[PDB]
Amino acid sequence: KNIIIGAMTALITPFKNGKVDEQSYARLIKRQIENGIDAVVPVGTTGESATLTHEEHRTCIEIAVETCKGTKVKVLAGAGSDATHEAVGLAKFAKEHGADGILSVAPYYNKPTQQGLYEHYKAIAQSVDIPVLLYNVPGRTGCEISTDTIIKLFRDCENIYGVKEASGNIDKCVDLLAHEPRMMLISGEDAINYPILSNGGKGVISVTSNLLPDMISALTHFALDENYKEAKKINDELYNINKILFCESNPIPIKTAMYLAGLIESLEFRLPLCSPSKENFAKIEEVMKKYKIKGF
């Protein structure tokens, strides 16, 4: 299969006066490229995909594609939906705009059955000829793509090559790779990047890498080179920031951290997301003190 693996960043989407700051966005993607990232994920969960318009979705993908031109860095575009017809259209659109692959979140809110999830992803995979990464985050969606459904999709659909797991369940990661060792398991939970990689995971889609792209890329590349000692050392050092970046719902902490570090101009979200509490604002600032944050 064609795959998209390695160190990847779920890009935040900076706002300026309520609009997407397109210049800041490209600047941030170039900063990821210059710090060893292998792929960028525009308009994922961390990018506030839920509150962007379809045109903003396209703008972010196009900027990502344009900024990665002439580099090895791939664009794995977020294109999920709770409606299969919309997810198919979003997958096709992302392919139009030049994306290298698709990240497709499991349907949220409507809690489809495993049979429904299979038909959902089959339709998406059959609509394009680029790689498709499943995305399991039951804490957000209210549903879980079971191991059996993931493996069936991997084996039955040419484009589907793995899953981004954000479920806090290392047992499921063992289950997945013990029964289907050919799939690409991608960590969607920064604090446990190293345990997923050390079990045969092949990449991360990281929130923390927005702030510390050099450290996350180094961790991932050490692990991929089977230098497990050095990968674990970075994972252990990153634990404090990895956890504080979820003291409130992502991406509220990571955007707060990017603002405190001077990497974005304004601490601006789109409702229903908003600024953190003053206490959590201060807690994030404290945790950042121990880390060296790359500039532009």
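So that there is no doubt, residue numbering starts at 1 and follows the sequence shown.
Of the two segments examined, 280-288 and 5-13, it is 280-288 that shows the higher average Cα temperature factor in the deposited entry. In this crystal structure, the stretch out of 53-61 and 250-258 whose C-alpha atoms carry the higher mean B factor is 53-61. The PDB entry assigns its highest CA temperature factor, among 164, 120, 179, 97, to 97. In the deposited coordinates, the residue among 205, 76, 125, 224 with the greatest CA B-factor is 125. Residue 129 sits in the highest third of its chain by CA B factor, as recorded in the PDB entry. Sort the modelled residues of the chain by CA B factor and residue 155 lands in the highest third.
In the deposited entry, the Cα temperature factor of residue 230 places it in the middle third of its chain's modelled residues.
When all modelled residues of the chain are sorted by CA temperature factor, residue 136 is found within the middle third. Per the PDB record, residue ranking by Cα B-factor puts residue 101 in the middle third of the chain.
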